[PDB]
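Topology and contacts: notes
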Amino acid sequence: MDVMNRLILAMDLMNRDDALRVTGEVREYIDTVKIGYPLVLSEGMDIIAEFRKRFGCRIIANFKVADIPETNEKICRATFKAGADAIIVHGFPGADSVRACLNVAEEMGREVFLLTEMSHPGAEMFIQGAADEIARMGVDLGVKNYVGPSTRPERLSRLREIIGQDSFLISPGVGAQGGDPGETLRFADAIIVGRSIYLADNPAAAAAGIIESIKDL
Amino acid sequence: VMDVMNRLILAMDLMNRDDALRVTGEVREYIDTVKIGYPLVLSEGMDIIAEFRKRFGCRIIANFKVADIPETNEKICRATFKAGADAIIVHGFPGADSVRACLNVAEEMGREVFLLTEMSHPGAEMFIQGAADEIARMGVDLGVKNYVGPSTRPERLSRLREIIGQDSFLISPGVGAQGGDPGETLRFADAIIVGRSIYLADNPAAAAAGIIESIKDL
Ligand SMILES: O=c1cnn([C@@H]2O[C@H](COP(=O)(O)O)[C@@H](O)[C@H]2O)c(=O)[nH]1
Ligand SMILES: O=c1cnn([C@@H]2O[C@H](COP(=O)(O)O)[C@@H](O)[C@H]2O)c(=O)[nH]1
């Protein structure tokens, strides 16, 4: 996946007008947009097609899929039907649940991103201790795309070590949550940025600023 | 706690609006609490919650297994309650702050949070099971009153009931298609969740009626 400027916009605004306007203001800097439930549950799944129609961007559905196999399959189908290019899935629910997603992705020509360790404080309670094993599980299942925490570069580095250089790794927690753009890119292929851009007084300047800080990368 | 008719909750996971509406309408005389998840919502929109309320006089539990950071969890809960859901199911594995975010929104909006502890599928044994007792303990400490536990593992469901106490409300999926027994599950859970055994039946109403007949004494 060739992410322009190694920057993925997490569009979590909950108003169609604002979401489209802000994305439009930073369109020259990105070609990959991550849409999650905040926007989808507020405006509907048709918003994905609208983004592709207006921006011709790659779409990652950050749905944190975390159900049983049968339900995970249905969620992935509905998501790809809406035009998503990839979907983010939790690894904590186990191998069968991840495999369910991989099957649908393969059938519809899409990608599955395995979330191994989250970036918020609460991730330390249960997820962190299982993160390395979840990553190894991904490797065993043939997963090639992963999600790791910008807020813990040592953990992000460990994830990169487990999955190898060939695997693709994206990382949220940059900016608002405290992660540093440049440091995160030492290990991740692309950084995910939400609020630091979409809540900025001038989103375009915010995006341009982040890119300037990682220009040599 | 919510008064679930016949201690039976329908997991409406059909992805077609017409079929979902038909089946739910056919079993409404037996069930007054319906659980709507992403298979239907991502296929027909959040307005489907409103339509179910309009068409049927049923309570709605949004089975969204909320599992994001606090900031995003709050947004998901807000949008879901705004749509008319009476309650929402949240994962406990992402930690206390993520669960607290959901509880805060539920409190401010006058709705309820159900904490999913251990799941009923085989994969749950890999990571969730080992953290389930603590996840439940965490819920109790946070003031969570509603929980979800696995019907497929009677011993685990029993332990979870002990941890949360008799005053807490517990619902349990995995009944029927996944192997759980209605009666056995009701020894510990206040209500059972049933999806496919009802919605894939040739006569959903008869299927629901049959399940209720098997637990009549309960
Ligand atoms: O471990 C994490 C942390 N955050 N996110 C998501 O990445 C974005 C981070 O946004 P932010 O830049 O505004 O913090 C949000 O969409 C959030 O749900 C994840 O997928 N996993
Ligand atoms: O641990 C579990 C297992 N299943 N479910 C949900 O309960 C329903 C079970 O449906 P079934 O009766 O068709 O197996 C589905 O909506 C499934 O996502 C949960 O919330 N948690």
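Residues numbered from 1 in each chain as written, not as in the entry; some residues may be left out. Chains lettered and ligands numbered in written order. Heavy atoms only, no water.

Method-wise, the PDB entry is recorded as coming from X-ray crystallography, at a reported resolution of 1.50 Å.

Looking at the PDB entry, chain B carries the name Orotidine 5'-phosphate decarboxylase, with the source organism given as Methanothermobacter thermautotrophicus str. Delta H. Under the Function heading, UniProt states for chain B: "Catalyzes the decarboxylation of orotidine 5'-monophosphate (OMP) to uridine 5'-monophosphate (UMP)." Check the Sequence similarities section of the UniProt entry for chain B; it says "Belongs to the OMP decarboxylase family. Type 1 subfamily." (UniProt positions renumbered as here; feature names shortened; annotations may be inferred.)

Under the annotation held in the PDB entry, chain A carries the name Orotidine 5'-phosphate decarboxylase and is attributed to Methanothermobacter thermautotrophicus str. Delta H. Its UniProt record gives chain A a comment under Catalytic activity, which states: "orotidine 5'-phosphate + H(+) = UMP + CO2". Reading the Subunit entry of the UniProt record for chain A gives the comment "Homodimer."

1. Examining the pattern of salt bridges
One pass over the full model with this rule turns up 31 salt bridges over all chains. Where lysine 64 of chain A meets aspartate 68 of chain B, a salt bridge forms, and the shortest distance between an N and an O atom there is 2.7 Å. Taken as a pair, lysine 64 of chain A in strand β3 (residues 58-65) and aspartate 68 of chain B in the loop between β3 (59-66) and α4 (70-82) lie in two separate chains rather than in one. Judged by relative accessible area, which is 11%, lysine 64 of chain A ranks as buried. A salt bridge links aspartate 32 of chain B to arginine 59 of chain B, with the shortest nitrogen-to-oxygen separation between them at 3.2 Å. Of this pair, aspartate 32 of chain B sits in the loop between α1 (17-27) and β2 (33-37) while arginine 59 of chain B sits in strand β3, placing them 27 residues apart in sequence. Take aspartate 32 of chain B: its relative accessible area is 10%, and that puts it in the buried class. Each member of the salt-bridge network shares a partner with another, and the members are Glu117, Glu124, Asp132, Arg152, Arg155, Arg158 and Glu161 of chain A. (Salt bridge = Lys/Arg side-chain N within 4 Å of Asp/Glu carboxyl O. Helix = DSSP H or I, 4+ residues; strand = E, 2+ residues; numbered from the N terminus. Buried < 20%, exposed > 50% of the residue type's maximum accessible area, 1.4 Å probe, protein only.)

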